[PDB]
$ cat work.cif   # mmCIF, C-alpha atoms
data_input
#
loop_
_atom_site.label_atom_id
_atom_site.label_comp_id
_atom_site.auth_asym_id
_atom_site.auth_seq_id
_atom_site.Cartn_x
_atom_site.Cartn_y
_atom_site.Cartn_z
CA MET A 1 -63.34 24.72 -89.65
CA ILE A 2 -61.90 26.21 -92.84
CA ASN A 3 -62.63 29.89 -93.46
CA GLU A 4 -62.15 30.27 -97.24
CA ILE A 5 -62.70 34.02 -97.05
CA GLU A 6 -60.04 34.55 -94.40
CA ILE A 7 -57.51 32.34 -96.23
CA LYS A 8 -58.00 34.32 -99.44
CA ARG A 9 -57.97 37.68 -97.70
CA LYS A 10 -54.84 36.79 -95.74
CA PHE A 11 -53.09 35.91 -98.99
CA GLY A 12 -54.20 39.26 -100.43
CA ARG A 13 -53.10 41.27 -97.39
CA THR A 14 -49.71 39.60 -97.58
CA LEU A 15 -49.37 40.32 -101.32
CA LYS A 16 -50.25 43.98 -100.84
CA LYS A 17 -47.71 44.26 -98.00
CA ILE A 18 -44.91 42.60 -99.95
CA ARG A 19 -45.67 44.47 -103.19
CA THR A 20 -45.81 47.86 -101.42
CA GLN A 21 -42.58 47.07 -99.47
CA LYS A 22 -40.93 46.36 -102.83
CA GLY A 23 -42.18 49.66 -104.30
CA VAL A 24 -44.16 47.99 -107.08
CA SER A 25 -47.53 49.33 -108.19
CA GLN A 26 -50.46 47.03 -108.95
CA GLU A 27 -50.13 47.93 -112.64
CA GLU A 28 -46.39 47.17 -112.63
CA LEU A 29 -46.95 43.83 -110.90
CA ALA A 30 -49.73 43.01 -113.37
CA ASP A 31 -47.44 43.80 -116.29
CA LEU A 32 -44.49 41.80 -114.90
CA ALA A 33 -46.71 38.75 -114.13
CA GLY A 34 -48.77 38.92 -117.36
CA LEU A 35 -52.01 39.47 -115.46
CA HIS A 36 -54.72 42.15 -115.44
CA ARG A 37 -54.35 44.98 -112.91
CA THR A 38 -58.04 44.50 -112.01
CA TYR A 39 -57.16 40.87 -111.15
CA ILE A 40 -54.15 41.85 -108.99
CA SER A 41 -56.38 44.28 -107.14
CA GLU A 42 -59.10 41.62 -106.70
CA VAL A 43 -56.51 39.11 -105.39
CA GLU A 44 -55.28 41.71 -102.90
CA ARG A 45 -58.91 41.91 -101.61
CA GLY A 46 -59.39 38.13 -101.55
CA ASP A 47 -61.95 38.13 -104.35
CA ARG A 48 -60.25 35.56 -106.54
CA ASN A 49 -59.78 31.84 -106.30
CA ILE A 50 -56.02 32.26 -106.63
CA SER A 51 -54.33 29.08 -107.56
CA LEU A 52 -50.87 27.58 -107.88
CA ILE A 53 -49.88 29.01 -111.28
CA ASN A 54 -50.86 32.63 -110.53
CA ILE A 55 -49.31 32.36 -107.07
CA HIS A 56 -46.04 31.47 -108.78
CA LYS A 57 -46.34 34.11 -111.54
CA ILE A 58 -46.88 36.74 -108.85
CA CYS A 59 -44.04 35.55 -106.62
CA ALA A 60 -41.68 35.35 -109.62
CA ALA A 61 -42.64 38.90 -110.61
CA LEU A 62 -41.81 40.14 -107.09
CA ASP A 63 -38.56 38.12 -107.06
CA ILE A 64 -39.57 36.20 -103.91
CA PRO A 65 -39.75 32.42 -103.42
CA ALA A 66 -43.27 31.09 -102.77
CA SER A 67 -41.92 29.58 -99.53
CA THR A 68 -40.96 33.06 -98.32
CA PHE A 69 -44.34 34.48 -99.34
CA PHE A 70 -46.12 31.76 -97.36
CA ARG A 71 -43.78 32.15 -94.40
CA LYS A 72 -44.76 35.82 -94.23
CA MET A 73 -48.43 34.85 -94.54
CA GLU A 74 -47.95 32.40 -91.65
CA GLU A 75 -46.21 35.04 -89.49
CA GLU A 76 -49.11 37.49 -89.78
CA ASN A 77 -50.70 38.16 -86.37
CA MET B 1 -41.29 34.20 -115.38
CA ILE B 2 -42.44 30.66 -114.65
CA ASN B 3 -43.02 27.58 -116.79
CA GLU B 4 -46.57 26.46 -115.92
CA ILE B 5 -46.29 22.75 -116.72
CA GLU B 6 -43.06 22.53 -114.70
CA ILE B 7 -44.69 24.25 -111.69
CA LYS B 8 -47.71 21.95 -111.73
CA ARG B 9 -45.60 18.82 -112.16
CA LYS B 10 -43.07 19.83 -109.47
CA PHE B 11 -45.88 20.61 -106.99
CA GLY B 12 -47.44 17.19 -107.70
CA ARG B 13 -44.12 15.36 -107.24
CA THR B 14 -43.47 17.22 -104.01
CA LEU B 15 -46.94 16.30 -102.72
CA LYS B 16 -46.40 12.62 -103.54
CA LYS B 17 -43.00 12.68 -101.84
CA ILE B 18 -44.23 14.35 -98.62
CA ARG B 19 -47.37 12.24 -98.37
CA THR B 20 -45.44 9.01 -98.92
CA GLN B 21 -42.75 10.06 -96.43
CA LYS B 22 -45.51 10.53 -93.86
CA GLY B 23 -47.09 7.15 -94.57
CA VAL B 24 -50.30 8.58 -96.01
CA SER B 25 -52.03 6.96 -98.98
CA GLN B 26 -53.84 9.02 -101.61
CA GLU B 27 -57.13 7.68 -100.19
CA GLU B 28 -56.28 8.72 -96.65
CA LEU B 29 -55.13 12.18 -97.79
CA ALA B 30 -58.48 12.60 -99.61
CA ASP B 31 -60.28 11.61 -96.41
CA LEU B 32 -58.24 13.92 -94.17
CA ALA B 33 -58.32 16.92 -96.52
CA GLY B 34 -61.95 16.56 -97.59
CA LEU B 35 -61.06 16.02 -101.24
CA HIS B 36 -61.63 13.16 -103.69
CA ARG B 37 -58.92 10.55 -104.30
CA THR B 38 -59.08 11.15 -108.03
CA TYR B 39 -58.37 14.85 -107.43
CA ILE B 40 -55.30 13.99 -105.33
CA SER B 41 -54.09 11.67 -108.11
CA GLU B 42 -54.64 14.36 -110.73
CA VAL B 43 -52.80 16.95 -108.64
CA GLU B 44 -49.88 14.56 -108.13
CA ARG B 45 -49.66 14.08 -111.93
CA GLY B 46 -49.70 17.87 -112.53
CA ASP B 47 -53.10 17.73 -114.27
CA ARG B 48 -54.77 20.35 -112.08
CA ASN B 49 -53.96 23.92 -111.09
CA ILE B 50 -54.51 23.50 -107.37
CA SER B 51 -56.24 26.33 -105.55
CA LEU B 52 -54.88 28.22 -102.54
CA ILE B 53 -57.71 26.73 -100.46
CA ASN B 54 -56.80 23.18 -101.41
CA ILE B 55 -53.09 23.83 -100.87
CA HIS B 56 -54.10 24.93 -97.38
CA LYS B 57 -56.27 21.89 -96.78
CA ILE B 58 -53.64 19.40 -97.99
CA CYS B 59 -50.82 20.99 -96.01
CA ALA B 60 -52.96 21.09 -92.85
CA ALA B 61 -53.91 17.41 -93.34
CA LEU B 62 -50.24 16.47 -93.62
CA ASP B 63 -49.23 18.70 -90.69
CA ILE B 64 -46.73 20.69 -92.73
CA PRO B 65 -46.59 24.47 -93.12
CA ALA B 66 -47.17 25.63 -96.70
CA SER B 67 -43.87 27.54 -96.44
CA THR B 68 -42.04 24.30 -95.67
CA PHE B 69 -43.88 22.44 -98.45
CA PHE B 70 -42.81 25.09 -100.95
CA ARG B 71 -39.23 25.09 -99.63
CA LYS B 72 -39.13 21.35 -100.48
CA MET B 73 -40.67 22.04 -103.91
CA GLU B 74 -38.00 24.68 -104.49
CA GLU B 75 -35.21 22.07 -103.91
#
$ encode --input "work.cif" --output "structure tokens"
Amino acid sequence: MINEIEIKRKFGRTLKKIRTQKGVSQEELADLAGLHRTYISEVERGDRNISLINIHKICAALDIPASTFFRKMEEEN
Amino acid sequence: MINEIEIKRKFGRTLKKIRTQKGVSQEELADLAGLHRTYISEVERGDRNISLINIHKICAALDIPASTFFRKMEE
């Protein structure tokens, strides 16, 4: 059975980890991706229905391929 | 920075390619992923901005990791 909350929260945990590893603040990431900082923060908590376009804007801003983002998500405990 | 129409169209083309490679019709993918056929068709055409949840469902239905799906999309 699909757990929408866990899927979203796992995405957000992975974003926070990658962003923080890269030394980028939420505000910086928001600016680079053309998104609101409140929205970045919400995504990091799994509050948003993040979709393909914003996934790619965020990954582009962090200079990481989406495949690598999802591989890290998949490798999480 | 990304071009949004290109991303949506490239995802849709990649989905059609993987599904067809695996011998799965749009109707069967809808059945397996718990989505409507029309939605699958729209996604394949690049007319939707597919959600993380539905990416997950489609990839699971096709027995492909999302990372691998996106690696193919990135080719």
$ closest_atom_pairs --input "work.cif" --of "chain B" --to "chain A" --cutoff "12 Å" --atoms "only C-alpha atoms" --output "CSV"
residue,atom,partner,partner_atom,distance
B:1,CA,A:60,CA,5.9
B:2,CA,A:57,CA,6.1
B:3,CA,A:53,CA,8.9
B:4,CA,A:53,CA,6.2
B:5,CA,A:53,CA,9.0
B:6,CA,A:53,CA,10.0
B:7,CA,A:53,CA,7.1
B:8,CA,A:53,CA,7.4
B:9,CA,A:52,CA,11.1
B:10,CA,A:52,CA,11.1
B:11,CA,A:52,CA,8.6
B:12,CA,A:52,CA,10.9
B:33,CA,A:2,CA,10.6
B:34,CA,A:2,CA,10.8
B:43,CA,A:52,CA,10.8
B:46,CA,A:52,CA,10.8
B:47,CA,A:52,CA,12.0
B:48,CA,A:52,CA,9.2
B:49,CA,A:52,CA,5.8
B:50,CA,A:52,CA,5.5
B:51,CA,A:51,CA,3.9
B:52,CA,A:51,CA,5.1
B:53,CA,A:4,CA,6.5
B:54,CA,A:51,CA,8.9
B:55,CA,A:52,CA,8.3
B:56,CA,A:7,CA,8.2
B:57,CA,A:2,CA,8.1
B:58,CA,A:2,CA,11.9
B:59,CA,A:70,CA,11.8
B:60,CA,A:2,CA,10.3
B:61,CA,A:2,CA,11.9
B:64,CA,A:74,CA,11.8
B:65,CA,A:74,CA,8.2
B:66,CA,A:70,CA,6.3
B:67,CA,A:67,CA,4.2
B:68,CA,A:67,CA,6.5
B:69,CA,A:67,CA,7.5
B:70,CA,A:67,CA,4.8
B:71,CA,A:67,CA,5.2
B:72,CA,A:67,CA,8.7
B:73,CA,A:67,CA,8.8
B:74,CA,A:67,CA,8.0
B:75,CA,A:67,CA,11.0
$ atom_distance --input "work.cif" --atom1 "CA of residue 42 (chain A)" --atom2 "CA of residue 62 (chain A)"
17.4 Å
$ atom_distance --input "work.cif" --atom1 "CA of residue 45 (chain B)" --atom2 "CA of residue 1 (chain A)"
28.2 Å
$ atom_distance --input "work.cif" --atom1 "CA of residue 41 (chain B)" --atom2 "CA of residue 35 (chain A)"
28.8 Å
$ axis_aligned_box --input "work.cif" --around "region 21-34 of chain A" --padding-each-side "6 Å" --output "lines of an AutoDock Vina configuration file"
center_x = -45.7
center_y = 44.2
center_z = -108.4
size_x = 21.5
size_y = 22.9
size_z = 29.9
$ residues_around --input "work.cif" --residues "residue 36 (chain A)" --least-positions-apart "5" --cutoff "8 Å" --atoms "all atoms listed in the file" --output "ChimeraX atom specification"
/A:27,30-31
$ residues_around --input "work.cif" --residues "residue 12 (chain A)" --least-positions-apart "3" --cutoff "7 Å" --atoms "only C-alpha atoms" --output "PDB file with C-alpha atoms, in the frame of the given file"
ATOM      1  CA  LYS A   8     -58.000  34.320 -99.440  1.00  0.00           C
ATOM      2  CA  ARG A   9     -57.970  37.680 -97.700  1.00  0.00           C
ATOM      3  CA  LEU A  15     -49.370  40.320-101.320  1.00  0.00           C
ATOM      4  CA  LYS A  16     -50.250  43.980-100.840  1.00  0.00           C
ATOM      5  CA  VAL A  43     -56.510  39.110-105.390  1.00  0.00           C
ATOM      6  CA  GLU A  44     -55.280  41.710-102.900  1.00  0.00           C
ATOM      7  CA  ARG A  45     -58.910  41.910-101.610  1.00  0.00           C
ATOM      8  CA  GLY A  46     -59.390  38.130-101.550  1.00  0.00           C
TER       9      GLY A  46
END
$ build_atoms --input "work.cif" --residues "region 25-48 of chain A" --atoms "N, CA and C atoms" --output "PDB file, in the coordinates of the input"
ATOM      1  N   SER A  25     -46.099  49.062-108.096  1.00  0.00           N
ATOM      2  CA  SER A  25     -47.530  49.330-108.190  1.00  0.00           C
ATOM      3  C   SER A  25     -48.293  48.076-108.642  1.00  0.00           C
ATOM      4  N   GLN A  26     -49.605  48.091-108.446  1.00  0.00           N
ATOM      5  CA  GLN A  26     -50.460  47.030-108.950  1.00  0.00           C
ATOM      6  C   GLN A  26     -50.286  46.864-110.454  1.00  0.00           C
ATOM      7  N   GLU A  27     -50.238  47.988-111.174  1.00  0.00           N
ATOM      8  CA  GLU A  27     -50.130  47.930-112.640  1.00  0.00           C
ATOM      9  C   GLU A  27     -48.790  47.322-113.047  1.00  0.00           C
ATOM     10  N   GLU A  28     -47.719  47.723-112.370  1.00  0.00           N
ATOM     11  CA  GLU A  28     -46.390  47.170-112.630  1.00  0.00           C
ATOM     12  C   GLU A  28     -46.377  45.663-112.355  1.00  0.00           C
ATOM     13  N   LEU A  29     -46.906  45.245-111.208  1.00  0.00           N
ATOM     14  CA  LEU A  29     -46.950  43.830-110.900  1.00  0.00           C
ATOM     15  C   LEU A  29     -47.742  43.058-111.947  1.00  0.00           C
ATOM     16  N   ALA A  30     -48.895  43.606-112.318  1.00  0.00           N
ATOM     17  CA  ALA A  30     -49.730  43.010-113.370  1.00  0.00           C
ATOM     18  C   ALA A  30     -48.944  42.808-114.661  1.00  0.00           C
ATOM     19  N   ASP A  31     -48.218  43.841-115.065  1.00  0.00           N
ATOM     20  CA  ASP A  31     -47.440  43.800-116.290  1.00  0.00           C
ATOM     21  C   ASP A  31     -46.339  42.739-116.190  1.00  0.00           C
ATOM     22  N   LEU A  32     -45.589  42.758-115.092  1.00  0.00           N
ATOM     23  CA  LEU A  32     -44.490  41.800-114.900  1.00  0.00           C
ATOM     24  C   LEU A  32     -44.987  40.345-114.864  1.00  0.00           C
ATOM     25  N   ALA A  33     -46.168  40.110-114.289  1.00  0.00           N
ATOM     26  CA  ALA A  33     -46.710  38.750-114.130  1.00  0.00           C
ATOM     27  C   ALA A  33     -47.603  38.314-115.301  1.00  0.00           C
ATOM     28  N   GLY A  34     -47.886  39.212-116.243  1.00  0.00           N
ATOM     29  CA  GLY A  34     -48.770  38.920-117.360  1.00  0.00           C
ATOM     30  C   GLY A  34     -50.211  38.742-116.951  1.00  0.00           C
ATOM     31  N   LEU A  35     -50.645  39.542-115.980  1.00  0.00           N
ATOM     32  CA  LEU A  35     -52.010  39.470-115.460  1.00  0.00           C
ATOM     33  C   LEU A  35     -52.672  40.834-115.588  1.00  0.00           C
ATOM     34  N   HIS A  36     -53.991  40.877-115.419  1.00  0.00           N
ATOM     35  CA  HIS A  36     -54.720  42.150-115.440  1.00  0.00           C
ATOM     36  C   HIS A  36     -54.548  42.882-114.118  1.00  0.00           C
ATOM     37  N   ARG A  37     -54.400  44.206-114.158  1.00  0.00           N
ATOM     38  CA  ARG A  37     -54.350  44.980-112.910  1.00  0.00           C
ATOM     39  C   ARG A  37     -55.635  44.788-112.102  1.00  0.00           C
ATOM     40  N   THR A  38     -56.795  44.736-112.753  1.00  0.00           N
ATOM     41  CA  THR A  38     -58.040  44.500-112.010  1.00  0.00           C
ATOM     42  C   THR A  38     -57.956  43.195-111.204  1.00  0.00           C
ATOM     43  N   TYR A  39     -57.310  42.195-111.778  1.00  0.00           N
ATOM     44  CA  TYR A  39     -57.160  40.870-111.150  1.00  0.00           C
ATOM     45  C   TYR A  39     -56.191  40.952-109.973  1.00  0.00           C
ATOM     46  N   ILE A  40     -55.045  41.599-110.143  1.00  0.00           N
ATOM     47  CA  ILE A  40     -54.150  41.850-108.990  1.00  0.00           C
ATOM     48  C   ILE A  40     -54.879  42.527-107.833  1.00  0.00           C
ATOM     49  N   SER A  41     -55.628  43.574-108.150  1.00  0.00           N
ATOM     50  CA  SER A  41     -56.380  44.280-107.140  1.00  0.00           C
ATOM     51  C   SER A  41     -57.411  43.374-106.441  1.00  0.00           C
ATOM     52  N   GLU A  42     -58.158  42.600-107.231  1.00  0.00           N
ATOM     53  CA  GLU A  42     -59.100  41.620-106.700  1.00  0.00           C
ATOM     54  C   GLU A  42     -58.417  40.588-105.780  1.00  0.00           C
ATOM     55  N   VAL A  43     -57.275  40.068-106.207  1.00  0.00           N
ATOM     56  CA  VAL A  43     -56.510  39.110-105.390  1.00  0.00           C
ATOM     57  C   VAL A  43     -56.100  39.764-104.067  1.00  0.00           C
ATOM     58  N   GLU A  44     -55.654  41.016-104.120  1.00  0.00           N
ATOM     59  CA  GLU A  44     -55.280  41.710-102.900  1.00  0.00           C
ATOM     60  C   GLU A  44     -56.455  41.864-101.922  1.00  0.00           C
ATOM     61  N   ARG A  45     -57.693  41.863-102.443  1.00  0.00           N
ATOM     62  CA  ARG A  45     -58.910  41.910-101.610  1.00  0.00           C
ATOM     63  C   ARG A  45     -59.482  40.535-101.320  1.00  0.00           C
ATOM     64  N   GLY A  46     -58.845  39.470-101.787  1.00  0.00           N
ATOM     65  CA  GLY A  46     -59.390  38.130-101.550  1.00  0.00           C
ATOM     66  C   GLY A  46     -60.591  37.762-102.381  1.00  0.00           C
ATOM     67  N   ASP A  47     -60.815  38.464-103.479  1.00  0.00           N
ATOM     68  CA  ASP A  47     -61.950  38.130-104.350  1.00  0.00           C
ATOM     69  C   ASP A  47     -61.717  36.939-105.271  1.00  0.00           C
ATOM     70  N   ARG A  48     -60.474  36.555-105.504  1.00  0.00           N
ATOM     71  CA  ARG A  48     -60.250  35.560-106.540  1.00  0.00           C
ATOM     72  C   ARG A  48     -59.855  34.217-105.955  1.00  0.00           C
TER      73      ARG A  48
END
